[PDB]
Number of protein chains: 4
Amino acid sequence: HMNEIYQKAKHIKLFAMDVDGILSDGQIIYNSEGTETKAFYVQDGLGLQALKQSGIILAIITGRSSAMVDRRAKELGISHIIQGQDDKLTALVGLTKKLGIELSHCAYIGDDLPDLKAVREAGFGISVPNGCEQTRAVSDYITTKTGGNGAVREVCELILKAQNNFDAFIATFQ
Amino acid sequence: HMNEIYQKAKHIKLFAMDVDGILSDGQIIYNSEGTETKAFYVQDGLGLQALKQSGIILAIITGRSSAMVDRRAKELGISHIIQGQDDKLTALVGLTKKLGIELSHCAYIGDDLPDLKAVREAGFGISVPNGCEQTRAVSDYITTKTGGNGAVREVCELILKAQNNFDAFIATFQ
Amino acid sequence: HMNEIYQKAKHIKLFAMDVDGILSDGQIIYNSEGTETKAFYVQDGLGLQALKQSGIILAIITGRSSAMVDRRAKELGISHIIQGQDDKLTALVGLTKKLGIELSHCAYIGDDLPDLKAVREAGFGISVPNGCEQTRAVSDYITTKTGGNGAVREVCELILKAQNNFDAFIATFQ
Amino acid sequence: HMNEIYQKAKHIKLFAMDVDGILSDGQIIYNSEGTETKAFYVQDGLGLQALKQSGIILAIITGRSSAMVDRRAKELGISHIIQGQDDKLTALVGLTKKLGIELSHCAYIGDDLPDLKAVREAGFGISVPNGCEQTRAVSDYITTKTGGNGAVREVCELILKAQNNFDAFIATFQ
Ligand SMILES: O=C(O)[C@@]1(O)C[C@@H](O)[C@@H](O)[C@@H]([C@H](O)CO)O1
Ligand SMILES: O=C(O)[C@@]1(O)C[C@@H](O)[C@@H](O)[C@@H]([C@H](O)CO)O1
Ligand SMILES: O=C(O)[C@@]1(O)C[C@@H](O)[C@@H](O)[C@@H]([C@H](O)CO)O1
Ligand SMILES: O=C(O)[C@@]1(O)C[C@@H](O)[C@@H](O)[C@@H]([C@H](O)CO)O1
Ligand SMILES: [Mg+2]
Ligand SMILES: [Mg+2]
Ligand SMILES: [Mg+2]
Ligand SMILES: [Mg+2]
Ligand SMILES: [Mg+2]
Ligand SMILES: [Mg+2]
Ligand SMILES: [Mg+2]
């Protein structure tokens, strides 16, 4: 039952995300001119702005590093962009310190092994259906939609509903 | 039963479309050289020309903005291209005024929250299986095929059949 | 039962293909620098070389036109490349005349309305699961695998088996 | 039962991979500027580093040839990169000789006909669900996940478990 999850999302002040496998579907794409490509999902962007609008801080913590991530983050107002960092919990804890925020007030979503401890230790830990078993085992919630296909949108809506901000947001479009 | 839907599509003079999640599958794609990519579906193009051929005006109303949209629109003869606009109903109403057309004569298709009011208020409102629930709740029809996979083709065929123009079009290929 | 289909593929001398929706999955892809992209399937290439090796002539007949098609055709030895042509039967008949070949000796595969007559009139006509109903209605065979996912590979294997050339080809890899 | 497979992976010293259809999902992608694209999977990379970390040598043997393969191989420490080579067994045997290693100590994964003999003859032979039947017929194991979607990750985990290295690796993330 969902109230158990709303209980966890209730006091989130910060939402941090892994990129590959969460914000994208995990494809790493190269071309013959040395150029790299990453694909994001349009409904995730709108869900992230909703969350962000309700006064939640958005962050990226990713093991890889690219201009694509920076660009996607900039247009959605994901305001703390940590790249080239696979020690996710350490990075999260570091953010917690510079914002004056507790881990219990952090939500984190990841698909693989570097994310497991951040997923486990955050107030609200999320993984995805194609997440590795070990990270899923340790999460508070597993999305229905998959990474780069509205897993993020889904969690945004969930946090909004827990904080009584979803229905009002919806209403602005009706 | 389908006649209920044909009753609604019967008097459409204008078909307006959201892009992301409707004409594409919702992927937003960036590369390391700062270049953006969007993917469309080939069967949608042919369905749009069929509609267009039968004397329906084609329009795009999209929250984002790109040369890809302009190019795709130009080759199919989507003749009114409104980009960087998320207030879809306002944009639709504006078109209705410059063409001398009523909303009841507009069909509109969208996948997410900015489209809900245009979907609700148009004579024929359409969403897609991966559309947000709120927009689907308010639509006259939900396509079987998904966005960027022939949702548009499907609605083109539907409007054509309602206007007794489909079978004749087909016949030109037989 | 399959022998009915082998009876039709038995005397094929030429295999002609539509591109979009057959050799690709139907995605039409543009980027912000004005560049177009198309995706093909690796197993189709090998199946086409097998067919080609057994002495069947390979041709493309496509409504659109691009350097991608030319390049893909060149590496597989698809030797007649007709682009910017939607009148597929006329184009096929034209090929039949310059090679001294009958239509009954042509196999053709297509997904949409411009292909229906070529599919109907060729000795062996093929469509795909996501083909429009009208073209599927008129085909001798509908592949199990979808376009850009081994529909072509599948038909190559089928023609090879009808001509007693498949098992031998396989054997060269064992 | 899985122990039968662990018995085969038990003594692997080298893991060799086909690229197209294994490391990618088989898409061959061209653009209008003459540029080629290939997509890899993020979870495969991490599984390959795990394997590699446990002291297994990683190799690529692919029929095609591109800078994308070289780049992907370089970042994961796939250390022997054989491209433009479809005679996979010969290439594998050649590697076996320059490293002083037996075939029984080689694991190989491939999706199509050029890989069948390497798959058959290696100590541990793997194919994928969308592999051609002939190669699947001759393999010791068929992955559950498909190519470019974690088939490789899956086999990495399997070899690790057979060599009692998986649980320990996992533990470093807990
Ligand atoms: O993914 C996006 O960029 C996003 O979802 C953000 C929204 O604010 C909005 O601009 C939306 C468009 O309506 C989609 O066309 O795109
Ligand atoms: O998507 C297209 O551009 C379209 O469907 C439009 C049609 O008019 C026709 O040109 C078609 C081609 O037959 C597809 O190869 O492409
Ligand atoms: O799609 C290809 O280019 C093809 O299937 C053609 C084959 O001849 C062969 O070169 C094959 C490679 O073995 C795939 O890596 O690619
Ligand atoms: O595919 C990758 O490059 C890989 O899986 C390799 C890992 O070592 C790690 O860097 C991982 C990132 O954590 C994914 O963001 O990427
Ligand atoms: Mg990840
Ligand atoms: Mg691409
Ligand atoms: Mg793609
Ligand atoms: Mg949209
Ligand atoms: Mg086609
Ligand atoms: Mg691209
Ligand atoms: Mg292969």
Side-chain angles (χ1 to χ4, degrees), chain A residues 24-33 35-41 68 148-149, chain B residues 24-33 35-47 68 148-150 153 173, chain C residues 16-33 35-41 60-66 68-69 82-88 91 108-119 126-128 130-132 134-136 139 143 146-149 151-152, chain D residues 24-33 35-41 68 148-149:
Chain A
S24 67
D25 70 345
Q27 281 178 55
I28 312 295
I29 307 159
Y30 297 140
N31 82 27
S32 63
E33 290 190 302
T35 298
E36 181 176 6
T37 293
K38 215 182 297 292
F40 303 96
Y41 190 48
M68 299 85 79
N149 276 111
Chain B
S24 67
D25 70 345
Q27 281 178 55
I28 312 295
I29 307 159
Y30 297 140
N31 82 27
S32 63
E33 290 190 302
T35 298
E36 181 176 6
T37 293
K38 215 182 297 292
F40 303 96
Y41 190 48
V42 73
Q43 302 200 359
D44 291 335
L46 197 251
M68 299 85 79
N149 276 111
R153 175 50 166 274
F173 292 100
Chain C
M17 297 154 277
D18 178 42
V19 174
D20 305 293
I22 298 300
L23 284 172
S24 67
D25 70 345
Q27 281 178 55
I28 312 295
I29 307 159
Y30 297 140
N31 82 27
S32 63
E33 290 190 302
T35 298
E36 181 176 6
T37 293
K38 215 182 297 292
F40 303 96
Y41 190 48
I60 274 170
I61 316 180
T62 177
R64 288 174 66 85
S65 170
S66 73
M68 299 85 79
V69 168
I82 305 176
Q83 298 199 76
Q85 172 63 284
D86 262 320
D87 192 5
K88 307 297 186 83
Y108 187 86
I109 182 165
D111 71 308
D112 217 338
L113 295 167
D115 305 295
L116 134 31
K117 286 209 283 210
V119 164
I126 314 99
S127 192
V128 291
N130 288 275
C132 69
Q134 297 76 199
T135 300
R136 281 187 279 119
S139 72
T143 63
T146 60
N149 276 111
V152 171
Chain D
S24 67
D25 70 345
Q27 281 178 55
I28 312 295
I29 307 159
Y30 297 140
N31 82 27
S32 63
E33 290 190 302
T35 298
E36 181 176 6
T37 293
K38 215 182 297 292
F40 303 96
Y41 190 48
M68 299 85 79
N149 276 111

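Side chains are part of it too, since the values below use all heavy atoms of this structure and drop only hydrogens, waters and symmetry mates. As the structure lists them, so they are numbered: ligands from 1, and atoms in each ligand from 1. Numbered from 1 within each chain, the chains take letters A, B, ... in sequence-line order.
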> For the atom pair CD (C:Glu36) and CD1 (C:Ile29), what is the distance rounded to the nearest 0.5 Å?
Replying inline: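 Answer rounded to 0.5 Å: 8.5 Å.
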>> Distance check, rounded to the nearest 0.5 Å: C:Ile28 atom CD1 versus B:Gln43 atom CD?
In response: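 If we round to the nearest 0.5 Å, C:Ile28:CD1 and B:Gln43:CD are 10.5 Å apart.
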>> Distance alone, cut at 3.5 Å: any donor-acceptor contact between the side chains of B:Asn31 and B:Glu33?
In response: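 Judged by distance alone, the side chains do not pair up.
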> Can you name the N, O or S atom of C:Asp111 that is closest to the Mg ion (ligand 9)?
Replying inline: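 The atom in question is OD1.
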> Where the Mg ion (ligand 9) is the corner point, what angle links OD2 of C:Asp18 with O of C:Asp20, to 10°?
Replying inline: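 If I round to 10°, I get 100°.
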> For the side-chain contact (heavy atoms from CB on, under 4.5 Å) test, which of C:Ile22, C:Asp18, C:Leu23 pairs with C:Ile109?
Replying inline: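 That would be C:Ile22; it is the only one of C:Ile22, C:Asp18, C:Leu23 passing the side-chain contact (heavy atoms from CB on, under 4.5 Å) with C:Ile109.
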>> Closer than 2.8 Å to the Mg ion (ligand 9): does that hold for any N, O or S atom in C:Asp112?
In response: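 No, since none of the N, O or S atoms of C:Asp112 sits under 2.8 Å from the Mg ion (ligand 9).
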> Can you tell me if C:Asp115 has an N, O or S atom under 2.8 Å away from the Mg ion (ligand 9)?
Replying inline: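 Coordinating: no.
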